[PDB]
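Notes to accompany the following structure.
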Amino acid sequence: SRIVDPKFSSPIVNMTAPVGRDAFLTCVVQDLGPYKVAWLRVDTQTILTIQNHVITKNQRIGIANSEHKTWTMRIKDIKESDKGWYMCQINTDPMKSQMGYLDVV
Amino acid sequence: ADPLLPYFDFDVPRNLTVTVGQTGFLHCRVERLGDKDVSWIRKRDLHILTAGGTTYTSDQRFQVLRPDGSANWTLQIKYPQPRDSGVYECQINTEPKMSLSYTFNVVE
Ligand SMILES: *[C@@H]1O[C@H](CO[C@@H]2O[C@@H](C)[C@@H](O)[C@@H](O)[C@@H]2O)[C@@H](O[C@@H]2O[C@H](CO)[C@@H](O[C@@H]3O[C@H](CO)[C@@H](O)[C@H](O)[C@@H]3O)[C@H](O)[C@H]2NC(C)=O)[C@H](O)[C@H]1NC(C)=O
Ligand SMILES: *[C@@H]1O[C@H](CO[C@@H]2O[C@@H](C)[C@@H](O)[C@@H](O)[C@@H]2O)[C@@H](O[C@@H]2O[C@H](CO)[C@@H](O)[C@H](O)[C@H]2NC(C)=O)[C@H](O)[C@H]1NC(C)=O
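Chains as they are written, first to last, in my numbering: chain C, 983 to 1087; chain S, 57 to 164.
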């Protein structure tokens, strides 16, 4: 094996959140090592976060991590336009991806 | 009113064909960048390639050539294979994003 072979610990859990509330999208990885975890909006193919840096200028978006295993993206003050698919990405070669859905009520 | 966002320079080639193994260059020129940042992504699988000065992908064939202060965000693709053919996007991290699509063809 490669001494570092990151993998997704679990699939992303779909989330439903009412308008104006906060939602959290969590991606759980194993053995991340020196690799980088990124969050993207699938519908608009927009880069949201990379590691602990928020890339989007959308100030409603933040990123937090616990032990480099849990990567939780938070979306403040949900708008109905936030509904859709979100992708969690690891910069392995080949890259790894999984998707979860944020539903807005 | 004028938001004074960045803007692309459209006077660049956007449909590029290289022979297999021949290095390819994708020219994205972004003016008035301000506090924004420019990224390259591979549209087929939504793979992040570069973000600002940093390279995200571990595929060492991808690098962004940009001198400090310049508007040129050239994506360099060394040793291309037919697998690399497809659409690549130069995106600006505005809300909502600004994007410019590029078609890259690798011929045998
Ligand atoms: C996560 O959620 C998505 C979307 O579902 C939406 O969010 C949930 C949290 C709930 O609140 C849902 O009420 C809400 O709509 C799921 O994706 C969806 O998958 C289904 C099939 O599993 C697709 O259903 C349709 O199936 C019929 C035939 O039965 C076809 O005719 C349709 O064309 C379509 O395929 C549905 O389109 C799809 N929705 C989206 C937006 O992609 C997803 O499965 C779920 N994931 C988990 C793990 O729960
Ligand atoms: C993008 O271009 C390709 C091919 O462009 C070739 O190279 C250019 C420099 C120019 O000289 C063109 O005339 C050349 O054809 C177009 O794709 C077709 O591609 C297939 C295989 O990929 C090839 O067999 C065909 O001959 C090409 N057809 C034509 C008319 O060139 C493609 O249509 C262009 N896409 C866009 C969006 O402009």
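All residues carry an ideal CB built from backbone N, CA and C; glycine is no exception.
Straight-line Cα distance separating residue j from residue i
{"i": "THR1028/C", "j": "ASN149/S", "result": "8 Å"}
{"i": "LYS989/C", "j": "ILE1072/C", "result": "9 Å"}
{"i": "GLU164/S", "j": "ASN71/S", "result": "17 Å"}
{"i": "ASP115/S", "j": "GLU151/S", "result": "28 Å"}
{"i": "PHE118/S", "j": "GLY108/S", "result": "13 Å"}
{"i": "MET1081/C", "j": "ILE104/S", "result": "15 Å"}
{"i": "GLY1002/C", "j": "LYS1061/C", "result": "7 Å"}
{"i": "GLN78/S", "j": "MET1077/C", "result": "24 Å"}
{"i": "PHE81/S", "j": "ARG100/S", "result": "18 Å"}
{"i": "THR106/S", "j": "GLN1033/C", "result": "14 Å"}
{"i": "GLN1041/C", "j": "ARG139/S", "result": "37 Å"}
{"i": "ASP1004/C", "j": "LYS1058/C", "result": "5 Å"}
{"i": "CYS84/S", "j": "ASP1013/C", "result": "35 Å"}
{"i": "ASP124/S", "j": "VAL1087/C", "result": "45 Å"}
{"i": "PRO1016/C", "j": "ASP58/S", "result": "42 Å"}
{"i": "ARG1023/C", "j": "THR998/C", "result": "16 Å"}
{"i": "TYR144/S", "j": "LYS1051/C", "result": "30 Å"}
{"i": "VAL94/S", "j": "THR113/S", "result": "15 Å"}
Residue burial classification, residue i (beta-carbon count within 10 angstroms, cutoff 16)
{"i": "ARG984/C", "result": "exposed"}
{"i": "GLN147/S", "result": "buried"}
{"i": "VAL1011/C", "result": "buried"}
{"i": "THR73/S", "result": "exposed"}
{"i": "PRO993/C", "result": "exposed"}
{"i": "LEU60/S", "result": "exposed"}
{"i": "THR1031/C", "result": "buried"}
{"i": "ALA1046/C", "result": "exposed"}
Residue i - partner residues in DSSP beta bridges
{"i": "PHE81/S", "result": "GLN132/S"}
{"i": "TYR1083/C", "result": "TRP1067/C"}
{"i": "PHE990/C", "result": "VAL1011/C"}
{"i": "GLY1044/C", "result": "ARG1056/C"}
{"i": "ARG98/S", "result": "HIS103/S, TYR144/S"}
{"i": "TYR63/S", "result": "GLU87/S"}
{"i": "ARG1023/C", "result": "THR1028/C, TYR1068/C"}
{"i": "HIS1050/C", "result": "According to DSSP, which records beta bridges pairwise, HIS1050/C is partnered with nothing at all."}
Short CB-CB distance (under 7 Å) between residue i and chain S
{"i": "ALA1046/C", "result": "no"}
{"i": "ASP1013/C", "result": "no"}
{"i": "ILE1037/C", "result": "yes"}
{"i": "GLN1080/C", "result": "no"}
{"i": "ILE1057/C", "result": "no"}
{"i": "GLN1033/C", "result": "no"}
{"i": "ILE1029/C", "result": "yes"}
Within-7 Å CB hit, residue i to chain C
{"i": "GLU87/S", "result": "no"}
{"i": "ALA107/S", "result": "yes"}
{"i": "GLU151/S", "result": "yes"}
{"i": "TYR144/S", "result": "no"}
{"i": "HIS83/S", "result": "no"}
{"i": "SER157/S", "result": "no"}
> So which residues put a beta carbon under 7 Å from any heavy atom of ligand 2, going in chain order?
Replying inline: Answer in sequence order: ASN71/S, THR73/S, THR159/S, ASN161/S.
> Who's in the neighbourhood of ligand 1, going by beta-carbon under 6 Å from any heavy atom, listed in chain order?
Replying inline: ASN996/C, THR998/C, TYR1083/C, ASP1085/C
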